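Engineer: Chains as they are written, first to last, in the deposited numbering: chain W, 1 to 426; chain Z, 1 to 426; chain J, 2 to 36, 52 to 443; chain B, 2 to 36, 52 to 443.
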Ligand SMILES: Nc1nc2c(ncn2[C@@H]2O[C@H](COP(=O)(O)CP(=O)(O)OP(=O)(O)O)[C@@H](O)[C@H]2O)c(=O)[nH]1
Ligand SMILES: Nc1nc2c(ncn2[C@@H]2O[C@H](COP(=O)(O)CP(=O)(O)OP(=O)(O)O)[C@@H](O)[C@H]2O)c(=O)[nH]1
Ligand SMILES: Nc1nc2c(ncn2[C@@H]2O[C@H](COP(=O)(O)OP(=O)(O)OP(=O)(O)O)[C@@H](O)[C@H]2O)c(=O)[nH]1
Ligand SMILES: Nc1nc2c(ncn2[C@@H]2O[C@H](COP(=O)(O)OP(=O)(O)OP(=O)(O)O)[C@@H](O)[C@H]2O)c(=O)[nH]1
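#1: Taking 7 Å as the cut-off, is the beta-carbon of residue 169(Z) closer than that to any non-hydrogen atom of ligand 2?
#2: Grouping DSSP H, G and I as helix and E and B as strand, with all else coil, what is residue 309(J)?
#3: Please check if any C-beta of chain B sits within less than 8 Å of the C-beta of residue 291(Z).
#4: Report the CB separation of residue 259(Z) from residue 200(Z) in whole angstroms; it is logged as a contact under 8 Å.
#5: Give me the Cα-Cα distance between residue 313(Z) and residue 351(Z), rounded to the nearest whole angstrom.
#6: Roughly how far, in whole angstroms, is the beta-carbon of residue 434(Z) from the beta-carbon of residue 207(Z), given that I think they are within contact range, below 8 Å?
#7: Contact check, residue 364(J) vs residue 55(W) under 8 Å by CB: the rounded distance?
#8: Output the boundary residues of the alpha helix (DSSP H) element that contains residue 201(J).
#9: Is any non-hydrogen atom of ligand 2 found closer than 7 Å to the C-beta of residue 418(B), if you look at the structure I gave you?
#10: Residues of the stretch 51-70 of chain W in Cβ contact with chain J at a cutoff of 8 Å, in chain order, please.
#11: Which chain B residues are close to residue 284(Z), counting only those with a beta carbon under 7 Å from its beta carbon?
#12: Find out if the Cβ-Cβ distance for the pair residue 358(W), residue 318(W) is shorter than 8 Å.
#13: Return no unless some Cβ of chain B is closer than 8 Å to the Cβ of residue 208(W).
#14: Taking the straight line between their C-alpha atoms, what separation do you get for residue 10(J) and residue 88(W)?
#15: Is residue 245(J) helix, strand or coil when you go by DSSP?
#16: Starting from residue 332(B), find everything on chain W with Cβ-Cβ shorter than 7 Å and list it in chain order.
#17: At what residues does the alpha helix (DSSP H) containing residue 332(J) begin and finish?
#18: Determine the contact status of residue 218(J) and residue 306(J), defining contact as a CB-CB distance below 8 Å.
#19: Would the stretch 376-388 of chain B and the stretch 310-329 of chain B be scored as touching if the rule is three or more Cβ pairs under 8 Å?
#20: Pick out every residue whose C-beta is nearer than 6 Å to a heavy atom of ligand 4: which are they, in chain order?
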């Protein structure tokens with residue numbers, strides 16, 4: 001019943017996916033080995049949506065891990081929940097992509113796509129009815145940006161009716177850990193904009209600003225950012241994972257959030273986020289949660305939403321709360337900031353609720369926003385790509401795999417079309 | 001059950017035969033006196049293939065030694081394992097051949113053939129079923145090249161169905177310790193090519209190059225070369241001497257290695273061969289063994305195999321090993337060097353394995369190759385023969401025993417036919 | 002209801018030694034020879065509290081017979097059943113068929129005749145051999161000719177090992193195969209073929225054995241040949257006897273060349289992680305790389321299929337499995353047999369050897385499928401044979417045994433007729 | 002994931018002897034040769065409890081090979097790996113490339129080929145040499161030409177020592193450098209250059225070594241070449257493989273000349289008094305006098321930069337460090353690559369030799385930077401070459417080896433083309 005296929009590609013992709021599996025396993029009450037030890041029957045009522053039943057009351061996740069180096073597979077296998085994953089799903093090559101989109105999309109991608117296609121086909125055949133394909137990858141680097149895009153294209157060809165959901169991390173000008181990162185982003189967005197139905201755009205500097213501002217952590221590592229993004233990844237999928245008074249599945253939120261096929265790059269968010277020492281001095285009531293949802297600094301993107309206008313937003317709550325309070329809070333939010341919402345839609349807000357919050361919190365929520373503010377992050381990457389491309393810099397490696405400059409020109413034209421599309425409705 | 005009749009002729013022939021008996025006796029755990037002190041029952045399971053049971057749990061070898069001087073018999077009797085041999089088999093004349101083929105074939109050969117024929121007949125009658133006649137001799141010199149050829153001819157007449165195996169050492173232009181050596185080689189090859197079924201061509205300079213390259217021995221005597229050739233002599237006969245997952249007897253390897261009756265001059269090889277001070281820094285795994293088997297410098301012949309093409313090769317392994325690894329190693333060997341294998345045969349490789357390796361080594365192998373590269377070593381001896389023969393040099397001694405120049409002309413024509421035969425299939 | 006299992010050659014005797022341990026462990030017989053109707057098919061009763069198999073191991077060389085005698089399963093087998101010759105076959109069909117065979121077939125025929133006379137419910141025979149070598153081709157053809165002329169109507173299950181395309185053990189294998197198949201075409205009721213590289217790959221990719229051996233290869237082969245007769249051995253909801261493999265799977269008297277495969281194959285650590293149900297094993301058995309022969313089923317079509325399940329499996333789920341497999345359009349069946357499925361179930365589950373590579377699985381399936389994919393392999397074998405035949409390579413050994421080029425030409429044109437029949441029936 | 006490290010010349014073999022002790026101490030390998053995946057990149061496993069490196073030390077003269085054999089690291093290395101010639105190169109590119117090379121390259125190519133065949137995860141090769149002399153120029157060019165024609169696609173990391181402006185060890189160094197760079201321009205994927213006076217000054221001003229030696233110079237070079245591959249050797253939060261140095265740092269197929277530097281460099285007593293954080297080391301690595309080549313980066317611009325950190329360092333502080341370095345306007349980046357930073361981190365910290373000059377530091381960084389500052393050094397080298405070329409100085413030795421003035425002129429115009437390309441791309 002509405003099973004979900006999970007696929008993980010790239011270093012950051014498999015890391016955040018492993019953290020997502022860890023946190024949802026902790027929520028469901030699943031041991032690291034794979035046994036069930038939960039207290040509530042609702043956890044076992046919808047364990048089949050991700051985990052496959054196995055002998056001895058054991059549960060194995062419907063997870064596919066694909067990486068072009070053995071190191072990431074060794075790390076995630078040596079992690080706290082590495083043994084729960086299926087050993088058969090550990091498909092991997094030998095040579096890395098070397099931060100090249102062409103190597104990941106043409107040379108090694110062609111060699112590994114036939115190896116991963118039958119595996120995802122077997123996992124799709126195992127479940128009763130696949131709902132959608134959830135993926136995690138990075139526009140930066142070569143491995144994710146090539147292989148995940150090729151895998152998305154082949155799965156789109158194989159299942160042109162199912163939902164394609166992606167949680168994509170994309171670069172920033174203030175934090176950029178790769179020289180070929182604008183090129184990889186410009187090549188990957190051309191495939192993402194046409195194939196994928198849903199896309200959550202995540203920025204590393206946004207999470208760093210979150211951890212500086214509201215978490216106030218002293219030594220923030222990638223583990224904290226993985227837990228941060230896993231919160232929204234669980235928030236989006238809570239509706240099908242547990243019952244609620246107003247359920248909103250992936251297709252239900254997509255129909256509200258995707259007014260046009262191309263304008264499907266969202267701006268995820270999550271709250272409450274506070275330090276352990278400041279938890280006592282905060283009221284967790286729904287107005288103080290809702291103001292944090294719509295706070296400019298609380299979003300997981302570097303863009304300023306006040307510089308643009310929201311096309312449409314969605315709030316998925318968790319925990320027992322008053323529907324009248326949720327309704328009037330969203331009413332005053334959309335009313336007092338009418339300048340920041342587009343006038344050509346009467347109601348730019350979607351609401352959903354689940355009746356089982358995360359462990360350790362009484363109420364929580366996640367924010368998914370589609371707004372014109374993403375055009376800033378798009379156009380900065382576009383001009384960064386153009387400055388390097390206008391003298392044909394960093395292309396002699398790409399030409400080795402048969403890749404042409406016309407493909408880069410097409411990608412630049414697609415980026416121009418996308419930013420002009422976002423500028424049209426502003 | 002498949003007994004073997006061993007015959008030894010010439011100085012080098014009886015020396016390498018005595019070393020062969022020594023090493024196989026050490027492998028079987030046989031005392032120098034003749035008593036059995038082995039640990040494994042498999043050694044005694046097929047001790048009857050060579051040794052004859054005697055009273056007091058004593059074992060005597062089925063060895064015949066024949067030499068035209070008493071000195072070689074005295075030396076091999078005074079050797080470490082001289083006493084184990086039967087005193088009755090020590091048949092010998094008084095006068096030497098003086099490095100003359102005619103004296104060994106006509107004068108003293110006729111006098112000693114009747115003395116050795118009844119002895120080999122008695123040894124053939126003693127066993128239940130003779131398998132084949134294994135012989136060792138030298139093309140150089142007169143004694144071996146005449147008497148062994150005459151003995152081979154008479155045994156071929158007496159047993160036209162049994163296998164005739166020879167481990168023949170032949171000269172080289174860089175190392176030639178006899179003036180009448182091309183004449184003796186040209187006379188002996190005419191008898192070898194027609195009568196013998198199998199023939200392992202061995203070159204002294206090849207063994208010297210081995211001892212310089214891989215053994216790095218400071219003072220290499222003939223004893224090291226005897227141990228070197230004894231390794232391949234035991235390697236070929238291990239299959240009938242011990243069980244294996246894929247046994248290949250002498251007839252089994254002959255059927256694969258002899259595509260035509262005349263093209264039966266093989267190129268024996270053995271590995272691992274490494275110094276004692278460098279054994280710690282070399283892995284004995286089967287890929288590093290297999291590359292050493294097919295290495296150009298590792299073969300026991302002076303010919304460059306890369307200058308020609310293999311008609312067919314056979315690899316007899318010893319020790320526990322993975323058949324998949326052996327199969328894929330032979331696959332990539334025959335694939336990556338397809339130019340050096342004849343295209344008119346789909347598979348130019350034979351494989352066999354035994355489950356009991358030599359003592360002191362965990363795995364080992366022997367290589368038996370039939371290739372067109374032997375035509376180089378044939379034609380150099382042919383032109384060396386022709387340069388001396390065209391002025392009738394070194395023939396007034398040969399004419400004394402009734403030998404005519406028409407026989408030398410026939411031998412030269414046979415050599416021309418043999419080298420043209422090897423050139424046809426290149 | 003009995004059947005005698007004879008073995009020829011090194012491959013045959015090794016398969017017999019690897020499989021009879023599995024049979025005796027399944028029936029609970031200790032190796033000494035002692036501990052009601054389940055063991056009656058393959059084991060007799062020697063007076064009181066002792067058993068003996070209905071098998072004979074014949075080989076021309078004694079190197080396999082003496083080690084079988086001096087191994088660990090000494091008291092289980094009869095001393096006189098283990099037939100031994102005197103001379104090597106040497107990868108020679110003619111030498112294995114004419115010179116060395118004639119002095120031992122007189123004993124072998126009398127021995128099988130007298131050990132079959134005491135039996136009364138013999139359904140047929142199963143012969144283990146390998147046409148890729150000399151003994152398993154020559155002696156097998158020699159015995160099967162004079163067995164077909166004598167019995168004829170009784171069924172014969174052939175089990176042969178064939179060489180890979182890129183790998184080969186011998187060098188005269190295409191000569192041996194094309195010579196012996198000329199006789200195997202008319203006398204063999206059905207012959208299952210196995211490729212070495214396919215069974216090397218099946219334990220590499222799935223079982224995760226990086227350094228396998230022939231014992232590990234033969235263990236799953238023993239599991240297959242035990243699972244086909246498990247229906248006869250043990251009671252089942254829908255039993256299938258040995259005559260089903262003749263009647264249902266042989267649509268024509270000469271097109272009797274099915275491929276073989278098995279599922280699930282899984283290591284011990286992966287077994288506890290992967291769940292076992294009928295759907296995944298049914299999808300894997302029809303998977304092309306999961307077969308025991310290096311042939312592409314996608315290039316051809318399936319003519320017939322018999323599924324034989326073992327373990328606690330209901331009929332409903334396997335019916336749904338074959339239904340969804342039929343609706344799946346990746347595979348393609350021939351229009352001459354739309355109802356080309358024969359499902360059968362046995363309650364007795366698969367067993368596991370102590371210390372063996374295979375793991376405990378609650379259910380399993382064996383898939384013997386008649387298809388036209390073997391036509392490409394036969395054409396490949398003929399193509400590589402023709403290159404050596406044009407140069408008359410390795411012909412002097414055969415013609416020095418007693419044969420000529422006439423039966424070589426008859427073998428060539430018979431293989432051409434086989435290809436003609438296969439391309440005709442695949443239309 | 003492996004890589005083979007070959008060494009040529011006195012400088013190469015001395016650097017290898019100075020660095021493999023550091024590698025063995027890092028991996029815990031005693032000099033005798035005995036104590052899972054960390055050492056697999058550089059050391060093999062021979063049977064049980066013994067290792068051997070993936071390296072070869074080749075030199076025409078035997079004066080280095082015999083002392084390496086009779087030193088203290090005798091049992092660690094394979095005795096056959098240490099290749100030795102018969103004749104002196106004598107600071108002669110032609111003699112090292114043509115006369116003496118031809119009788120040992122046949123052995124060297126076969127040895128590297130057979131030791132690479134057993135390997136399967138080879139990422140590439142790294143060659144240690146020095147173009148300032150004869151052997152490290154001639155034999156290096158001879159081997160790299162016939163390695164590029166054979167393999168080609170595989171990566172090659174060149175490590176060269178170049179002369180200072182005011183100091184020079186030899187007198188024919190500009191002839192050797194300009195001759196060998198004509199071949200190094202097309203076949204070397206990337207080549208790190210080091211100057212003698214820069215590495216003399218780095219241990220003078222910071223490490224406070226008033227009287228250093230070549231061992232002290234080579235210790236930090238070994239630290240650098242171990243730290244670049246520490247990401248491959250040990251797990252990290254953001255690993256970088258050997259292909260990153262090809263893909264990210266080589267924007268054009270011929271502009272592949274980065275400079276190198278390292279931080280922190282500090283003595284034992286000063287280590288306890290100076291604090292270690294990312295900010296000061298990031299400021300010091302871009303400091304111009306802290307570089308390993310006597311070139312002014314202020315005169316030119318940085319084309320690309322890869323930072324590789326070792327030790328317990330989070331990503332956030334290094335991100336802030338590169339951010340403030342970008343905002344700092346003392347340095348200047350080229351407009352053709354605004355995203356000119358590639359940050360990577362390894363958890364395994366730097367090690368210290370017992371009794372070595374370097375001190376224990378909780379974190380460290382290596383900075384390989386592609387910049388146009390080397391254009392001035394190349395123009396200086398060509399300028400001093402032209403003065404001797406006009407007088408035909410030291411030409412009789414070369415023309416008495418087999419060469420002529422034609423390839424000298426081709427080397428001159430190729431260096432002119434290199435300067436043309438550098439001044440074109442620096443605009
Ligand atoms: N929030 C997190 N971001 C990460 C993490 N690891 C890397 N990254 C960021 O994502 C950027 C690129 O993503 P990847 O590390 O996966 C590069 P990829 O594996 O796809 O290619 P190759 O490693 O070259 O084969 C990278 O520069 C970081 O800014 C992480 O664990 N958490
Ligand atoms: N590998 C070995 N080669 C040997 C040995 N002894 C001799 N030879 C080589 O074989 C060549 C000729 O073989 P022989 O020594 O047997 C000469 P032969 O005894 O047959 O004739 P006469 O001694 O004149 O009666 C000889 O010139 C050597 O090159 C040996 O012990 N080992
Ligand atoms: N799959 C498999 N094949 C085997 C095994 N043992 C032998 N074979 C095959 O059997 C073939 C040769 O069969 P035979 O003619 O009987 O060889 P042999 O028993 O040694 O007979 P001779 O060489 O004539 O003495 C080889 O090419 C192998 O591929 C085995 O254990 N498993
Ligand atoms: N940094 C550094 N450079 C070195 C070292 N040893 C040698 N060199 C350099 O190497 C250059 C000469 O290289 P080679 O051609 O190999 O000199 P060589 O090994 O003596 O060869 P021949 O003189 O021809 O016998 C010198 O100019 C030095 O600057 C060293 O230990 N450290």
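A virtual CB, placed ideally from N, CA and C, is assigned to each residue, including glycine.
Structural biologist: Here's the rundown:
#1: Ligand 2 approaches residue 169(Z) closely enough that one of its heavy atoms is under 7 Å from the residue's Cβ.
#2: The three-state reading of DSSP puts residue 309(J) in coil, since its state is none of H, G, I, E or B.
#3: Yes, because at least one Cβ of chain B sits closer than 8 Å to the Cβ of residue 291(Z).
#4: Wrong, their Cβ atoms sit about 17 Å apart, outside the cutoff.
#5: It is roughly 9 Å from the alpha-carbon of residue 313(Z) to the alpha-carbon of residue 351(Z).
#6: Look at the range of chain Z in this structure, 1 to 426, and you will see that residue 434(Z) is not part of it.
#7: In fact, because the Cβ distance is near 19 Å, the residues do not count as touching under 8 Å.
#8: Start and end: 189-203.
#9: No, the beta carbon of residue 418(B) sits no closer than 7 Å to any heavy atom of ligand 2.
#10: Contact residues of the stretch 51-70 of chain W toward chain J are 52, 53, 54, 55, 56, 58 and 60 (C-beta to C-beta distance below 8 Å).
#11: Within chain B, the residues near residue 284(Z) are 63.
#12: Result yes, Cβ atoms of residue 358(W) and residue 318(W) sit closer than 8 Å.
#13: Residue-level contact by beta carbon holds for residue 208(W) and chain B, with a gap shorter than 8 Å.
#14: Rounded to the nearest whole angstrom, the C-alpha separation of residue 10(J) and residue 88(W) is 38 Å.
#15: Coil, per DSSP.
#16: What residue 332(B) touches in chain W: 208 and 220.
#17: Where residue 332(J) is concerned, the enclosing alpha helix (DSSP H) stretches over 331-343.
#18: Against a cut-off of 8 Å, the Cβ pair of residue 306(J) and residue 218(J) comes out as a contact.
#19: Yes, since at least three Cβ pairs between the stretch 376-388 of chain B and the stretch 310-329 of chain B fall closer than 8 Å, the two stretches touch.
#20: With 6 Å as the limit between CB and the heavy atoms of ligand 4, the residues that fall short of it are 10(B), 11(B), 12(B), 15(B), 77(B), 104(B), 105(B), 106(B), 107(B), 146(B), 148(B), 149(B), 150(B), 151(B), 152(B), 177(B), 185(B), 186(B), 212(B), 230(B), 233(B) and 234(B).
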